[PDB]
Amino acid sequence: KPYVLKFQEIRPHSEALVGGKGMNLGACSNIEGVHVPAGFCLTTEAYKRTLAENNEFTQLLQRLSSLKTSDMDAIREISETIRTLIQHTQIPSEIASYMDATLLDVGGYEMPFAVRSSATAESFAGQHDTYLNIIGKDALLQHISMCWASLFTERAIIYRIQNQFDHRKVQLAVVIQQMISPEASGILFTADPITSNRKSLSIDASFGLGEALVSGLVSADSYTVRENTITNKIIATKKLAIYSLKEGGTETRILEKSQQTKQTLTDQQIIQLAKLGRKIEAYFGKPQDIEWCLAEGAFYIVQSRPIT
């Protein structure tokens, strides 16, 4: 029914409606805290109401399942067309208004948002778009539309025919977070990722935005924690780190290099983030994949997954 939901407010099964990522985030929102970046979660019924329930589009969609994997030179143009259509389609005022509603508490288009595609299927399908540091309403009405549009790239349209997913059922729910500015960023596996064994928690940790480490453009320390003790640290030479431009976009800075070799997290912050990553582990029961960041001395959970 709803178009937007606030993370704390949402309950299971919000997955049908808010996607896997939004599901996990809301779930995270609950322990408290375990603070989670403020935001909301635009629902699949925006996709449905916006593109769901349209006519150039639906027949276009139909034209597609008259497809094959081997009609190549066509689904290219065709893809371009669906895509342009998703772009050239306005988001109704009402949905647009409900955004402003919940958004004006946290609040306003004051802060810059992260716009993350949020899949239903809790690989190469286009349900992973992340878009950073988007400022103001008009601009995220645009990216919201770009996330939806990603679903109809040739690669995503290839991957869906290959695994016989059907497009008429493709829905995309967009998660919007207000981004805070990081002292540090990182990942945390609550399980040796190679051997699958639990008792060693692994943290990665750099300066600047989290996306830059996840996307692997940047170097990062590597601490290991085993029942409340630091069993290993690896301080990396962090030459680069990425930050968000007030004007907009992101910039890649070169670190002072005195701090290039500064241990990112304090041994005490390390044990701190350890418990946190393991408090979170408790609730899901199974082992997690925790993007995080460190603002003002607070640890926020940006995402949580499960492994594999």
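Residue indices: 1-based, along the sequence shown.
Between residue 77 and residue 78, count the deposited residues left without coordinates and pick a bin: none, 1 to 3, 4 to 9, 10 or more. In the record, the chain runs straight from residue 77 to residue 78 with none unmodelled.
Check the entry's C-alpha temperature factors for 293 to 301 and 6 to 14, then say which stretch has the higher mean. Averaged over C-alpha atoms, the B-factors run higher in 6 to 14.
Is the mean CA B factor in the deposited entry higher across 36 to 44 or across 56 to 64? Of 56 to 64 and 36 to 44, the stretch with the higher C-alpha B-factor average is 56 to 64.
Between 226, 198, 233, 128, which one tops the list for Cα B-factor in this entry? When the deposited C-alpha B-factors of 226, 198, 233, 128 are compared, 128 is largest.
Among 97, 102, 133, 202, where is the Cα temperature factor highest, going by the PDB entry? Answer, based on the entry's C-alpha B-factors: 102.
Among the modelled residues of its chain, does the C-alpha B-factor of residue 221 lie in the lowest, middle or highest third? It belongs to the lowest third of the chain when residues are ordered by C-alpha B-factor.
Please rank the C-alpha B-factors of the chain's modelled residues and tell me whether residue 282 sits in the lowest, middle or highest third. For residue 282, the deposited C-alpha B-factor lands in the middle third.
Going by what the PDB entry lists, where does residue 275 fall on CA B-factor within its chain: lowest, middle or highest third? Answer is lowest: the recorded C-alpha B-factor places it there.
Residue 190 by Cα B-factor - lowest, middle or highest third of the modelled chain: For residue 190, whose C-alpha B-factor we compare with every modelled residue in the chain, the answer is the lowest third.
Rank-wise, by C-alpha B-factor, drop residue 265 into the lowest, middle or highest third of its chain. It belongs to the lowest third of the chain when residues are ordered by C-alpha B-factor.
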